[PDB]
Amino acid sequence: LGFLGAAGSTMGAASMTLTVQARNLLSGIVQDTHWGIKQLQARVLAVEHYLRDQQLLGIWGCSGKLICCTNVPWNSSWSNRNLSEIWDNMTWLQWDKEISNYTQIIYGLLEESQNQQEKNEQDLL
Amino acid sequence: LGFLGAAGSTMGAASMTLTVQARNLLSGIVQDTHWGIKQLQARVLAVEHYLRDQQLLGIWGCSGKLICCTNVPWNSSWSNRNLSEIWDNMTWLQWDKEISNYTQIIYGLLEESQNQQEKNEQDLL
Amino acid sequence: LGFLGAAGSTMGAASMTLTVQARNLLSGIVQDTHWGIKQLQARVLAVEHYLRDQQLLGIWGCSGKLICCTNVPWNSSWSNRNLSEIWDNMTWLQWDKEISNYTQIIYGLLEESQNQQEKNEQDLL
Amino acid sequence: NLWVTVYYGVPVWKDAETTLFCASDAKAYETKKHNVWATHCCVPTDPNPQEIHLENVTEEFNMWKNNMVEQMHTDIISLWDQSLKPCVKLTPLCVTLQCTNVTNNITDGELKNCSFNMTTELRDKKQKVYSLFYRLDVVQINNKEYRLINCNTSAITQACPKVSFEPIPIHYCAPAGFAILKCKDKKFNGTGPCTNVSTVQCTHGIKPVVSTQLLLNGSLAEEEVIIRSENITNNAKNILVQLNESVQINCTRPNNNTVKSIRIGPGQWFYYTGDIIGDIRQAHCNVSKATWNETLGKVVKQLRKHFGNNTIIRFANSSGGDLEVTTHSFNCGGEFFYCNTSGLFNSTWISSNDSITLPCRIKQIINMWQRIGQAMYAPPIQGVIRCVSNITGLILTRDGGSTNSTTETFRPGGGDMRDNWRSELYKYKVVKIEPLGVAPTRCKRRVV
Amino acid sequence: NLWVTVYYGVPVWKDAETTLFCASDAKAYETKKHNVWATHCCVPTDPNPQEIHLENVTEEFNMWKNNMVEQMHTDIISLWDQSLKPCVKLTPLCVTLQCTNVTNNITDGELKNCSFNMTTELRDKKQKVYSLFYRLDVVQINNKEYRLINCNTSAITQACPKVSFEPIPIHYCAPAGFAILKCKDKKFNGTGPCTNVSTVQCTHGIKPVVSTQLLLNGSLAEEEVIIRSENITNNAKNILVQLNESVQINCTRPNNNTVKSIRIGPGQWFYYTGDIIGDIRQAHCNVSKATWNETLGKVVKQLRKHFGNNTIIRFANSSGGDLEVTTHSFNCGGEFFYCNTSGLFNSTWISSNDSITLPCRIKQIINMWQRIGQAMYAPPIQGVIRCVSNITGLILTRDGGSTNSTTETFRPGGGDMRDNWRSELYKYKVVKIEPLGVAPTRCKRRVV
Amino acid sequence: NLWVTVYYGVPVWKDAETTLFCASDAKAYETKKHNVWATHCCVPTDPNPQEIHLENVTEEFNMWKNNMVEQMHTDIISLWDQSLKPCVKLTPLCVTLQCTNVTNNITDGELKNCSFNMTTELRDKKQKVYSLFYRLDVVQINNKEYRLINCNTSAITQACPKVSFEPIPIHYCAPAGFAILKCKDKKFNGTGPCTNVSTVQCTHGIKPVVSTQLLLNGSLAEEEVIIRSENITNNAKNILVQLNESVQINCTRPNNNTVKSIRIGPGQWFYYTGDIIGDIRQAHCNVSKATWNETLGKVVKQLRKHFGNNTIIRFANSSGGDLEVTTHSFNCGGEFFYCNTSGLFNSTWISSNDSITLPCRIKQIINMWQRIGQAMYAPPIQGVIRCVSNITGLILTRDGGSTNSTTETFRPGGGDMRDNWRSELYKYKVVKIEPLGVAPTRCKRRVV
Ligand SMILES: *[C@@H]1O[C@H](CO)[C@@H](O[C@@H]2O[C@H](CO)[C@@H](O[C@@H]3O[C@H](CO[C@H]4O[C@H](CO)[C@@H](O)[C@H](O)[C@@H]4O)[C@@H](O)[C@H](O[C@H]4O[C@H](CO)[C@@H](O)[C@H](O)[C@@H]4O)[C@@H]3O)[C@H](O)[C@H]2NC(C)=O)[C@H](O)[C@H]1NC(C)=O
Ligand SMILES: *[C@@H]1O[C@H](CO)[C@@H](O[C@@H]2O[C@H](CO)[C@@H](O[C@@H]3O[C@H](CO[C@H]4O[C@H](CO)[C@@H](O)[C@H](O)[C@@H]4O)[C@@H](O)[C@H](O[C@H]4O[C@H](CO)[C@@H](O)[C@H](O)[C@@H]4O)[C@@H]3O)[C@H](O)[C@H]2NC(C)=O)[C@H](O)[C@H]1NC(C)=O
Ligand SMILES: *[C@@H]1O[C@H](CO)[C@@H](O[C@@H]2O[C@H](CO)[C@@H](O)[C@H](O)[C@H]2NC(C)=O)[C@H](O)[C@H]1NC(C)=O
Ligand SMILES: *[C@@H]1O[C@H](CO)[C@@H](O[C@@H]2O[C@H](CO)[C@@H](O)[C@H](O)[C@H]2NC(C)=O)[C@H](O)[C@H]1NC(C)=O
Ligand SMILES: *[C@@H]1O[C@H](CO)[C@@H](O[C@@H]2O[C@H](CO)[C@@H](O)[C@H](O)[C@H]2NC(C)=O)[C@H](O)[C@H]1NC(C)=O
Ligand SMILES: *[C@@H]1O[C@H](CO)[C@@H](O)[C@H](O)[C@H]1NC(C)=O
Ligand SMILES: *[C@@H]1O[C@H](CO)[C@@H](O)[C@H](O)[C@H]1NC(C)=O
Ligand SMILES: *[C@@H]1O[C@H](CO)[C@@H](O)[C@H](O)[C@H]1NC(C)=O
Ligand SMILES: *[C@@H]1O[C@H](CO)[C@@H](O)[C@H](O)[C@H]1NC(C)=O
Ligand SMILES: *[C@@H]1O[C@H](CO)[C@@H](O)[C@H](O)[C@H]1NC(C)=O
Ligand SMILES: *[C@@H]1O[C@H](CO)[C@@H](O)[C@H](O)[C@H]1NC(C)=O
Ligand SMILES: *[C@@H]1O[C@H](CO)[C@@H](O)[C@H](O)[C@H]1NC(C)=O
Ligand SMILES: *[C@@H]1O[C@H](CO)[C@@H](O)[C@H](O)[C@H]1NC(C)=O
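Protein chains in written order, with the authors' numbering: chain F, 520 to 550, 568 to 661; chain B, 520 to 550, 568 to 661; chain D, 520 to 550, 568 to 661; chain E, 33 to 140, 152 to 185, 188 to 309, 312 to 323, 323A, 324 to 397, 410 to 506; chain A, 33 to 140, 152 to 185, 188 to 309, 312 to 323, 323A, 324 to 397, 410 to 506; chain C, 33 to 140, 152 to 185, 188 to 309, 312 to 323, 323A, 324 to 397, 410 to 506.
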């Protein structure tokens, strides 16, 4: 229903449309010396941003998923709201405002829990 | 047996050689101001094409596979040939000619079936 | 403990820190016409190197792993040392010196064993 | 009991600054090889769905912090310089000239008849050249000797006679990962939240119009004249007044000019003013008085909501500065006009056309962008120029120094070209999409 | 009952247009710092497996729609301009010269003795310069005064005497994701399917030879002369005739030239023709008559399969145009020759060398590519030039206007340099590999 | 029984050559718009953790094979040329001048009083210009006529008077995937393994100092003077001597210069030497004798460990060459000095300042980098220059030709600027991280 068409939707409803935004990262497929350099630099920048998202999902064990459950418990200190409000009343943009200061905490924790589990898999094999 | 060495092979036989073509996408690894820009632009373009193929496989749930079965049924309207002809008599280039007008249909359907199944996995967990 | 902080660690201990190096590949995220071109070329080059590592892991069936067991047996001709020395006494840099001439052998074998197994999965389905 | 769940493809974004791609309007008009904008923004548009509404999404906009104005400024200047760059230079014309008055059919002496020995295609020879000049480009050295006014300061380059700078609508498009948010709120004053928001891949087409003290050929406001300022109460800031109705201004260069040329080097051509057929008249622009009067009364009704409806609004002319600062500057028919504006601001409001003619100056050496650097020389245009432009807004400042007498004085503002572009850009914001994020769920990862 | 199965790494492709990378032939010969092609295409080749056969794959080729010709055109011109760009300009030579005839040992006056005051390294001084010129570069102004022929049209730049343009074989290589398909069918006429197809990473090395009305130093056809045209029956098109045998042409510049130089600025050096040791002879080229005759008879046997074997094939000379159009233009020993061709096309076929000598003109100011723009000046060459080139094909057109009399007239065609490059490029096509695709299988995804 | 296990993110690396990014030291000092280095390396530093120790890792270093020196060479030259590029050219000054001796308060005639007609802003007029010049920039043509010494060889461009080249510390940073390994071993002689190794994102800040025959303003050695050479026993190589103590050198340009200017074109400004207030003195530099003596004795103690402690070390002056080769060349206060060094090397060691003053030459046309190409003109500096620099090392060669008499002669070496940069770069190496690798494990892949 358009890129960001789900922006006003609740988080639950919006999670059902995640392929909509994923597919807009590489839209450059469809898309004067000094000028050309700046135009090219823009494409390179878009590529690095794409790759970073993929690397993070990779490290966290969510490389092939749009949605994944993890091995990091939720901290009430990040948010003490219940899931019902978060998924049914609130939208993702609002949610980002609610927890953006913990982005680096959660991400560091995700890296740690996945590293521990990958070691566990190697030891079990 | 060379890049595209399987081009005259049947589709079945050719599927057994898929790593041959996959490995030629990033051959740039082995590989005057105005000229240099054009030379660089070419590398950037190759990268975007590579990434798009990977993203599509990602979205469809085939991110780690050369060959994957999907949750989209085959339409006889795309092709009403039997599998025996398709895999044993016909080559991939011929096949592409047979179904190229449905590329966007199949791809849209693949995105939809995978999105539905990923939701099912999240609800089951 | 820093990039390459594990360089003097044994291979075993160092394997427990692999996320440390993986995360330094895309550090460009944090990071005059003629000059700018050279600066841009450097970013493009870093991207191709990143992608090649990912493609190889992809082909070998280790796309989502930092550590993976494979279907290629170890050749004593590459190294006839026991695992105890390799994992507990020796570091990775030393190990690279011990087996670098077989890099292309092992990689070719990995491509072959994975291609055979992927075919087996498709035939089993 | 809740666990982190990671979601990728999340419909959220952050304020962001990037470079937009420009496109012509699908090359609807080819322009052949004679238009600079069409040449640069060679990229076509596509009449695809233009917008996506974002229901229940409120976004915060600020037209004075909008980096798209900086991009237009940079791109407009850059293109203009690239366009001029390969053209024939006038270094050979920085000579001493002997001048006399032009008296032929003249009632006002605006023109001088000057002559000199100009370089020809061979290095051994010079050609005597005789032509008429406007006083604005000529300075006395001291039948006196004169020089080109800018030959002590910078090189002068002749604009190629084959290249038009006529504005075409240009659309600006987001790079992958970016989106442009558009505010459609008819009451938006340039700052704050907007609920009527939709996103676009590209902005609509905006013409890269340049003007001083009066906004030309822009869009109109709906319902009422809207006055927008970063700081309403600050007399040091320009207030942008967007009209909800256009006013036409009819401008002309009445002198039937005959253009002459000369080869001054190896394929190096120079075009000169030659002489005038018929008599001499001042350049000028006409505005219907009643229309203008109604327009200001509408502006006053709006000024009163900011300053008090018990006030007196007095209008006055430019306070001082050079032509590039105090006059209404615009390009008409390809020529550069510097018109008087004082007759337009001679009234106050206290709580058969009957037009007004504004005299204009014509100048050929242009100190473009008020930048110190190379000057452009505008080659003469054959015949007579007439054009009609749309007044779509005003740029005003207050004098200040008020003692709260309730009478305030408004004068032409101008200066920075960025303020003209803001007139359309206030509607748009650029953001970066940030698809990766997390939220709690009642779901622990299954560990195997 | 069948399901979509997705396959990645599928050996298929689409027609595609990209930029190929150029390489020298592994720098087998260094050329030091004196060769422009070697300098630009600094990238080496590697004698790796050169080709992959595609058994049972038929591909469609069309040499007249082959974008590699456009790339060579663009790259050849671009390099030539970059090469000339940093060299000393001859603007200081656009002066008036006094000329007299050169009569010393002359039986035909091709040369004029001209002189002028040339700029020296100090701005205060000029040097009298005396040198001989070919009439083709000199135009009367009107012991008469003359000027360089192009000083009214464009700047003239001296080619650096240190840089050779001698063609070296250049290989063109595909970017990752691309492949070049090569047709080895000995009967391929430039259009249609080819079954003898293999792929390569790079084309073989093709020399960037430039010539008019005669193809030089290209590859030969096997078995028979092959005549290729986009439109055989259209008299307005050039037919490319590829010989299966070469014919040697021996060209010379017989006048033993003494080169003189002068400093004309701050390290700015100019090289002039000086004078001639010995006597004066016309430049010329020699072709054995019998070989040429056999060559045309072979061409006729092939023309007859297109026009009827009951026909009469008449050959005739160029119909009109400038030297760059009507003569055989080539570079020999570094000098630029414009040779007569009419003696080669003086026969018709009706269903002790005994060579023919073709007189040639020598010209130093070169209107390269028949482009309007800066001219190149070719500095003189010391001594005497002799070279032998290989005639490997002809470029012909028909006059048309036929009444079906069965007699047709063939004349030299030429014009566009792209047609010479097509002579090798007809064998190659560029495609893009498209590894991602689908097919039905009796396999539903297992859903867990 | 073991199987291949693939590990990604492995902490290993290979020797590698890449381009490092440069950064100013967080723009601690702005420099406004007057510093070239600050302008180019606009990128800031960040006082983050600076290093990571690599315990138990031994790395092999070789300062003479270190590609960072090549990068500095390339970047320093490139920036210098970009800086000079947009400045006013002095082509108009390549004229003949009449000169007489300057005799006013002169005891030694270093200066000449020369004059000529210089181009003014109009093409029709010249201005008589009178100014004083150093003999080093003036050559006789033959009250004799003289010219600028380089007007026969290359263009001369005036350095912009607004741009300083004063070295600022510049840090060099690794691209993603690269790391810089730093050796902290106090005894490292430039070649071989180092165990005291840590890695950094960036090198510390190194000033891009240029000098001949003496290293200035670098870091000091700890504990002892360290002599480093690729080939100690080869008399053809430079030995770099790093001091563990600095020696100050006080240099001056004592003549109180009055700077004059002229407009020579359309905003084209030229600055000339004018005249001198007061009397005339030679430029010179002062070094305390005892400090210098101690410094050489320390150098001798170290030379003896390489050549024998039963030796005699004799020092001698430059053997021959131009000023750029034989003198101590440096920039002081913005001026270019070429100082005598012979008084510093007049001693031998056999197993109230009392300073030495070294006379210096001042030259304004600079043959920068000893490259054939455009020359730079250094505009005059108003007033008197005094500066003090730090001698941090010496560059020496041996004469060789030894008969094993045990007496060896050491003379100033110099030449290549790369050797100065090596003085700091010897501590750093660039490597590429190679995260993907394998090892055997007792683990077969589970096959499903
Ligand atoms: C605000 O918007 C108005 C228009 O809405 C702009 O004014 C227009 O400016 C253009 C450009 O100068 C004017 O067009 C000119 O018309 C001349 C002749 O007009 C007749 O012939 C044309 C041919 O198609 C008809 O369309 C037209 O109706 C008339 O029949 C042309 O000769 C001019 O061509 C010039 O450029 C070409 C380029 O190759 C040259 O070859 C020509 O020799 C010549 O130089 C040009 O086409 C248009 O008429 C103006 N409108 C009005 C009402 O006058 C304002 O400029 C704009 N204001 C701002 C600030 O942007
Ligand atoms: C080795 O390192 C030493 C320093 O450790 C370097 O010598 C220094 O060089 C700088 C640059 O020439 C000298 O600084 C100059 O000082 C002049 C006046 O000094 C007084 O005023 C300043 C104002 O802040 C005070 O800091 C200072 O203490 C004094 O009070 C200035 O006039 C000079 O400015 C010049 O550039 C600006 C740029 O816009 C112009 O506007 C000015 O007109 C002028 O051109 C400059 O600041 C410094 O004094 C020197 N030190 C010593 C001890 O003399 C060596 O050069 C360096 N050697 C090498 C090889 O790198
Ligand atoms: C904007 O808010 C309104 C409510 O304020 C949303 O309306 C809901 O629409 C769903 C659709 O099935 C209904 O089931 C709800 O009952 C509606 N809410 C109410 C209060 O009736 C509307 O969908 C929101 N917009 C977006 C984009 O989600
Ligand atoms: C080209 O076509 C021929 C047949 O027309 C293919 O030949 C087949 O080769 C396989 C190899 O084992 C045999 O089993 C088949 O029996 C052969 N076919 C026939 C009809 O005998 C040949 O392989 C094809 N080329 C390619 C590249 O596949
Ligand atoms: C460098 O080598 C020393 C030993 O030579 C390592 O010391 C070991 O540290 C571990 C830490 O728990 C101890 O368990 C070992 O017993 C220590 N070894 C000995 C012999 O006592 C040191 O860790 C090594 N450095 C690195 C980076 O691994
Ligand atoms: C695609 O549509 C065109 C329309 O005429 C048709 O000719 C062509 O065969 C179609 N191709 C496929 C694969 O259906
Ligand atoms: C690689 O081969 C060279 C050949 O001499 C050998 O010296 C080196 O030790 C080999 N390295 C390995 C890892 O076998
Ligand atoms: C034109 O006439 C006015 C009258 O005073 C005079 O001031 C002016 O200088 C004259 N201009 C010329 C060029 O003679
Ligand atoms: C050309 O220069 C001469 C000076 O000798 C001057 O008399 C003449 O008027 C000049 N030509 C023109 C058109 O001014
Ligand atoms: C050379 O002689 C011919 C003879 O008619 C004459 O036409 C030509 O102009 C002469 N050229 C010169 C430079 O005198
Ligand atoms: C230089 O110019 C003078 C004109 O005063 C002319 O007589 C002389 O012939 C010229 N020199 C040459 C070589 O033509
Ligand atoms: C200055 O005087 C010396 C004394 O011999 C003389 O050689 C030199 O040429 C003189 N220089 C000038 C410019 O007169
Ligand atoms: C200018 O040129 C004249 C030559 O006619 C010469 O006498 C005069 O001295 C020159 N001016 C200077 C300052 O040398």
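Beta carbons are placed, not taken as given, at the ideal position from N, Cα and C, and that holds for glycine.
For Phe210 (chain C), there is no enclosing beta strand (DSSP E), as DSSP gives it neither H nor E.
Per the coordinates, the alpha-carbon of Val345 (chain E) lies some 23 Å from the alpha-carbon of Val255 (chain E). Interface residue (Cβ-Cβ distance to chain B less than 7 Å): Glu647 (chain D) is classified as such. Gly572 (chain B): member of the alpha helix (DSSP H) spanning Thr569 to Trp596, first to last residue. Here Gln348 (chain E) is near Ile272 (chain E), since their CB atoms are less than 7 Å apart. In the displayed model, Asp113 (chain C) falls within a helix according to three-state DSSP. Under the Cβ criterion of 7 Å, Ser546 (chain B) is counted among the residues facing chain A. Remark: the shortest separation between the CB of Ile641 (chain D) and any heavy atom of ligand 7 does not fall under 6 Å.
Using a CB distance cut-off of 7 Å, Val580 (chain D) counts as an interface residue toward chain B. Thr455 (chain C) places its beta carbon 7 Å or farther from that of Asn279 (chain C). Counting every other CB atom within 10 Å of its CB across the protein chains shown gives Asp624 (chain D) a total below 16, marking it as exposed.
No Cβ of chain A is located within less than 7 Å of the beta carbon of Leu593 (chain D).
The CB of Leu602 (chain F) never comes closer than 9 Å to any CB in chain D; the least such distance is about 15 Å. Judged by the Cβ position, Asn88 (chain A) qualifies as a neighbour of ligand 4 at the 6 Å threshold, a heavy atom of the ligand being closer than this. The Cβ neighbour count for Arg480 (chain E), taken over all protein chains shown within 10 Å, is at least 16; the residue is labelled buried. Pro124 (chain A) reaches chain E at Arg166, counting residues in chain order whose Cβ is nearer than 8 Å.
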